[PDB]
Amino acid sequence: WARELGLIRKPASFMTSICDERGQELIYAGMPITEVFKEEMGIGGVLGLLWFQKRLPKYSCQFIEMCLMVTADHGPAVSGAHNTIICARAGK
Amino acid sequence: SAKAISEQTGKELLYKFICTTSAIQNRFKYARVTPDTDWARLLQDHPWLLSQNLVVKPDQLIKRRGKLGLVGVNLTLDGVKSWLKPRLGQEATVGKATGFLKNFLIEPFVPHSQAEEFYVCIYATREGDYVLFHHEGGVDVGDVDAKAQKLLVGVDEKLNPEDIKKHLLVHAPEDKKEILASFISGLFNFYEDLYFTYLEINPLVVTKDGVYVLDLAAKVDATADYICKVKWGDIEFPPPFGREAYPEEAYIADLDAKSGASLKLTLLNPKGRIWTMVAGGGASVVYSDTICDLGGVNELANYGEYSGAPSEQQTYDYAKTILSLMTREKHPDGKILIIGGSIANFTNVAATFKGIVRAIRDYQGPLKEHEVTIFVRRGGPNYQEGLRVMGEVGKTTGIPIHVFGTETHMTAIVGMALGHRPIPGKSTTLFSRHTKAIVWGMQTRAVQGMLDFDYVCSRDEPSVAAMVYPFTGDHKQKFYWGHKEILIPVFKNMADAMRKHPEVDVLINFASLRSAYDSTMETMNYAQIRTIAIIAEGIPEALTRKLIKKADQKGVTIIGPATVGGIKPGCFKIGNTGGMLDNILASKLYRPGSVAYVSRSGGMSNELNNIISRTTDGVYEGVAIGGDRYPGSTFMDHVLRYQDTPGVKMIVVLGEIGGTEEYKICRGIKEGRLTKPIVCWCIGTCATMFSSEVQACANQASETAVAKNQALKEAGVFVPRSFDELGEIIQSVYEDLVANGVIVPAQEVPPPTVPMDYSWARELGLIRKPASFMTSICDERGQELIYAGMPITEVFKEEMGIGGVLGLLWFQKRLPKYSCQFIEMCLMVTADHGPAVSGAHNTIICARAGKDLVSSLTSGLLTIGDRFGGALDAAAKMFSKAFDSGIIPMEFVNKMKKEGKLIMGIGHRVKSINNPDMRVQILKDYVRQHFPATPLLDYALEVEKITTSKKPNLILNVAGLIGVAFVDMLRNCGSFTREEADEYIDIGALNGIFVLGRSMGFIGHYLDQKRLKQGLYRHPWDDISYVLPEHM
Ligand SMILES: CC(C)(COP(=O)(O)OP(=O)(O)OC[C@H]1O[C@@H](n2cnc3c(N)ncnc32)[C@H](O)[C@@H]1OP(=O)(O)O)[C@@H](O)C(=O)NCCC(=O)NCCSC(=O)C[C@@](O)(CC(=O)O)C(=O)O
Ligand SMILES: CC(C)(COP(=O)(O)OP(=O)(O)OC[C@H]1O[C@@H](n2cnc3c(N)ncnc32)[C@H](O)[C@@H]1OP(=O)(O)O)[C@@H](O)C(=O)NCCC(=O)NCCS
Ligand SMILES: Nc1ncnc2c1ncn2[C@@H]1O[C@H](COP(=O)(O)OP(=O)(O)O)[C@@H](O)[C@H]1O
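Residue numbers (the entry's author numbering), protein chains in the order written: chain B, 827 to 918; chain A, 2 to 425, 487 to 757, 763 to 1099.
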């Protein structure tokens, strides 16, 4: 109630610029989620907004999605997949 | 600060570090005699004593010994022994100083005449060093400044030999012209390499055999210790010859070196009743002058100050010292304690007053019967809380306490105490509303005060454009612009800051004394900077002179070192000037006035702020030039600035003792250069009433405050009778200037408001904010680290180890010693179980991925759960459930069997009955020997008897034993109730036991893989069965 009246000063300990949860609509780097779906960006456009705070061109978003697709998996023999499998088999 | 060194120290250091082609004789050839020493050792370590004739003189900072007959010349060793006895340890009187003798110096006699009596002197001035050579030196020197040849060596200039030959060696004999010149040159190099400010050898006798230094008086720049501690060694600075220093006075001197605060105390007569403990050097001088003016010269005991923002503990030390020294006598007439000073800019009045509060709480006894009345007059940061704290405490203990704020005159409490009154090119404009400054250093409180002042001054933009901090990368610091949040850039380098902010014209330098010189030199390489404020106190005077010379060359105005800075109401504030925002509002420093002032002190400058606000329109501009011997800018510089400023109408000058600086004002007002009204008061008129040379020091006779005050008076300067009359004379001059009509006061526009700080509102208890976190295991804050209510020193004294610390941190209990030992054993046996298990395997994989200790250990730890590492918890829970349900072990075995469940904690791969686990055995033996009761362990052993009857290897596991024994420890040691033990089992304390134990092994595996330099692991394809679908 003192903050609402503007009677006290308290510095904010955190800064953020990628997502605005508060308010009527969710916002991804200045862009409403309804506008995100209307403009038909997919994972690539959302990633551009959340990682770079930019509205990337469509080919950039498509390329980002393609990069995610080609690195999705490379079999169970590599170190990370091996560790994940070990942990899953530990019932974890 | 120049400090005189002993003759012995001066000659020793001179012999050790002079470098000349001249043949200097009697190197390290001297003997020190003191009353409390033997003589046989003195004979044995100095074989030169009997080799030739001797001369003895007291080395106790006494001059004019020849005119006073205190030297025994041309008399042998038995002569010096006979001559010491009437004087060694006896009373002596030189002028007004009376003191005993503890120090004498012995040196071989030098046969010489008046034909080779040579006087050499080097002393420091603002513009450089003067060398004086008198050919007819010695006692017959007479007038030296007018007859001895004088030569100036400027700042950053060399003393070259031909300069000595012509401008210094006209009257020297030709045969001795040459080598002496070389010597003189080397002497100058000795003078400036060891940071001497005064160095006179008189007489210096030179003959064909060589040169001989018979005498030398030397003052060295003490603040240069950090440069010359290697060359000086353990240099000592003798006190002036006179009364012996008190142990408490030496204590105060020792306190002065503890931190950057200034902690001074000096005595004249402890039998006096007037006792002043005044904050701020200027305020202390003013209070002493005020008490001496109205009849307290003889009855005043002490003179001293505490400033530079001393802490609570240091204030305790100073206050308990002053009370202990005050209690030495009973004065029937009564005793007073005058405490306070001016409004502080930086000194936390709250802490410095809690210090005296808690120093007088314990000193009620030995002073209440002394009839001590305490008069306080303090202002500054958090003064409204400290004043009323001390009022509460004084009323609680009952001693006479009179609490006065800033609404009263600073020296009115003096009149109350003594009963005289009832007790109730360089620019003209440095700063504007568009001035942008760079702050050198990480001073966020000062920058925020600057910004708050800018906001309440209705400035368009903040006055701080950037900060420079070399120990961090470039980033942005979050500050407040009123209630809005703004970002101010912080740069590692000056160059980037000046590149990105060409509109900055001011540098505020918060570098320490060791960094200020280099910071300021680097700053003056950027022509955009026209004004530099240097805050640091303790810069050596020679470095300051180099700064002054470069600033004069570059046309840069320097607000000299050892200053709080200055304030231009409505436009700009330097650093911490004017204190917090409440002081800014109270003195109405948010809007321009018409009176411009200059002073040396910052506390006196804030007092002037308050006075001028109370009696006139307000302050137009105030500058504190600092307490150094060579300020970057002088009184007369700022007075000239003010005269050329159409905004100012009257000029207040607050001078001090020593220095002929106000006489430049007199020559400017006696002539028509300075036309505006000037109200000047010089503090320190009590310096004459001091029977010593206490250091800000008067050198000549016209540099006393009385002479300067009278000289300004006859010059046309409005000089009050005293400081107490300064407010009224300023008021009268302003009133006449407003009756004439040159001053037209403006309408009081209310300033913008700044929201209160959250932390300050919480301290006042004005707001409520629920804490979002709860904790009960560790208290980091406070003087000592606390583990669940137990201090860390007590943790180590009680000799608990890892087990006791774990008990404290996990259960908040002081466990018995066997419990802590058992916990340690459990950690030891679960430390590792080889590299084949899932967690160790994952940790090794992650280590071989070149990853990280934390990452690898964490990768291994994330496998801890049901199938791996969870058997401890599972066994404890299963056995506890069976035991608490009341079923017998056979019923438990059958019930587990028909539920399709294996008993957790039963079973080994190879080991069986007659082939025991042997770490189950260690723990079981310990538990049997030390635990008071083990019901669950007995139950589990019965279960194990049944299961090993089924087949031999169905023994109690390490997991089973640790689980049941941990339950037994929790609920059978006296620390827990049954509910607490059950809760700790339920929330996973045994999971924590396994995790903490196995972390040791996982870290060991990480380090092992790093040491073996194992490369990236890939699982072989032949060990993987690929069962992908045909086509999805
Ligand atoms: C000048 C300064 C800011 C200097 O600051 P500090 O020295 O504290 O801090 P630092 O800059 O960090 O220097 C420390 C050195 O240790 C180094 N260091 C740090 N951490 C290190 C690590 N981990 N490892 C290695 N090294 C490390 C660091 O690098 C530095 O090294 P170096 O550069 O070589 O020095 C301060 O001291 C001072 O003088 N005044 C404060 C400001 C002010 O407003 N004054 C006027 C007050 S008006 C007054 O007096 C009247 C009165 O009192 C009257 C009354 O009472 O009424 C009143 O109030 O009105
Ligand atoms: C990319 C790079 C590692 C190629 O390595 P390489 O030694 O030519 O081949 P590999 O390290 O994959 O292994 C070589 C053999 O092991 C086999 N092998 C690979 N994974 C295996 C597994 N899990 N089990 C059994 N065999 C395996 C391969 O089939 C190959 O068989 P071959 O001997 O019949 O040719 C090497 O060129 C390099 O270090 N480049 C640097 C750039 C870089 O690191 N790029 C990253 C790659 S995305
Ligand atoms: N080592 C010495 N050899 C010869 N004469 C000395 C020696 N020391 C002092 N004197 C005599 O003392 C006189 C100088 O006195 P000085 O000590 O300078 O007085 P003050 O102590 O007042 O400065 C000289 O005239 C000199 O004859």
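The beta-carbon is built from N, C-alpha and C at its ideal position, and this holds for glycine as well.
- In the structure shown, the three-state DSSP call for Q539 (chain A) is strand.
- It is roughly 10 Å from the alpha-carbon of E330 (chain A) to the alpha-carbon of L368 (chain A).
- Note: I620 (chain A) is bridge-paired with A:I594 in the DSSP secondary-structure output.
- For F105 (chain A), the closest C-alpha among the options A:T77, A:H135 and A:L62 is that of A:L62.
- Using a 10 angstroms sphere on the CB of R507 (chain A), the tally of other CB atoms stays under 16, which defines it as exposed.
- Taken atom to atom, the span from the alpha-carbon of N27 (chain A) to that of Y213 (chain A) is near 7 Å.
- Within the same chain, and ignoring the five residues on either side of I687 (chain A) in sequence, the residues whose Cβ sits closer than 8 Å to its Cβ are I621, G622, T625, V660, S661, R662, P693, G694, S695, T696, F697 and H700.
- Contact between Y1051 (chain A) and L1074 (chain A) is absent: CB atoms are separated by about 32 Å, not below the 8 Å threshold.
- Under the criterion of beta carbons closer than 8 Å, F515 (chain A) and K635 (chain A) qualify as touching, at roughly 4 Å.
- If one requires a minimum length of 4 residues, the alpha helix (DSSP H) runs lying completely within the region 860-936 of chain A are 869-873, 884-896, 905-915 and 920-928, in chain order.
- The C-beta of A838 (chain A) comes no closer than 9 Å to any C-beta of chain B.
- For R835 (chain B), the neighbours in chain A by C-beta distance under 7 Å run, in chain order, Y542, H545, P822, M823, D824 and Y825.
- Only exposed fits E795 (chain A), as fewer than 16 other CB atoms lie within 10 angstroms of its CB.
- For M529 (chain A), the enclosing beta strand (DSSP E) begins and ends at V526 to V530.
- Relative to ligand 2, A528 (chain A) has its C-beta separated by 8 Å or more from all heavy atoms.
- Residue range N303 to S308 is occupied by the beta strand (DSSP E) that includes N303 (chain A).
- With a threshold of 16 other beta carbon atoms within 10 Å, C20 (chain A) falls short and is exposed.
- The beta carbon of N909 (chain A) sits no closer than 8 Å to any heavy atom of ligand 1.
- For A903 (chain B), the Cβ falls inside the 8 Å cut-off from some heavy atom of ligand 2.
- Only those residues of the region 893-915 of chain B whose C-beta falls short of 7 Å from the nearest C-beta of chain A are listed: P902, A903, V904, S905, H908, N909, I912 and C913.
- When DSSP states are grouped into helix, strand and coil, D951 (chain A) belongs to the helix group.
- Counting the other Cβ atoms within 10 Å of the Cβ of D1035 (chain A) gives 16 or more, which makes it buried.
- Note on geometry: alpha-carbon atoms of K97 (chain A) and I185 (chain A) lie some 35 Å from one another.
- Those residues of the region 919-939 of chain A placed with their C-beta closer than 7 Å to a C-beta in chain B are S926, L929, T930, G932, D933, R934 and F935, ordered along the chain.
- Shown here, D222 (chain A) sits in a strand according to DSSP, grouped into three states.
- A contact between stretches requires three or more CB pairs, one per stretch, nearer than 8 Å, and the region 967-975 of chain A fails this requirement with the region 927-934 of chain A.
- Annotation: the continuous beta strand (DSSP E) that includes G341 (chain A) extends over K336 to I344.
- At a C-beta separation below 9 Å, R1085 (chain A) has these neighbours in chain B: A903, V904, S905 and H908.
- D567 (chain A): member of the beta strand (DSSP E) spanning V566 to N571, first to last residue.
- Runs of the alpha helix (DSSP H) lying entirely within the region 342-407 of chain A and spanning at least 4 residues, in chain order: 350-362, 366-369 and 384-398.
- In terms of Cβ geometry, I797 (chain A) and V715 (chain A) do not form a close pair [threshold 9 Å].
- Of the other Cβ atoms in all chains shown, fewer than 16 fall within 10 Å of the Cβ of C845 (chain B); this residue is therefore exposed.
- The three-state secondary structure of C122 (chain A), taken from DSSP, is strand.
- Within 9 Å of the CB of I1091 (chain A), the CB atoms of chain B belong to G901, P902 and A903, in sequence order along the chain.
- Just so you know, the alpha carbons of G832 (chain B) and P822 (chain A) end up roughly 7 Å apart.
- Nearest CB-CB separation between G874 (chain B) and chain A: not below the 9 Å threshold.
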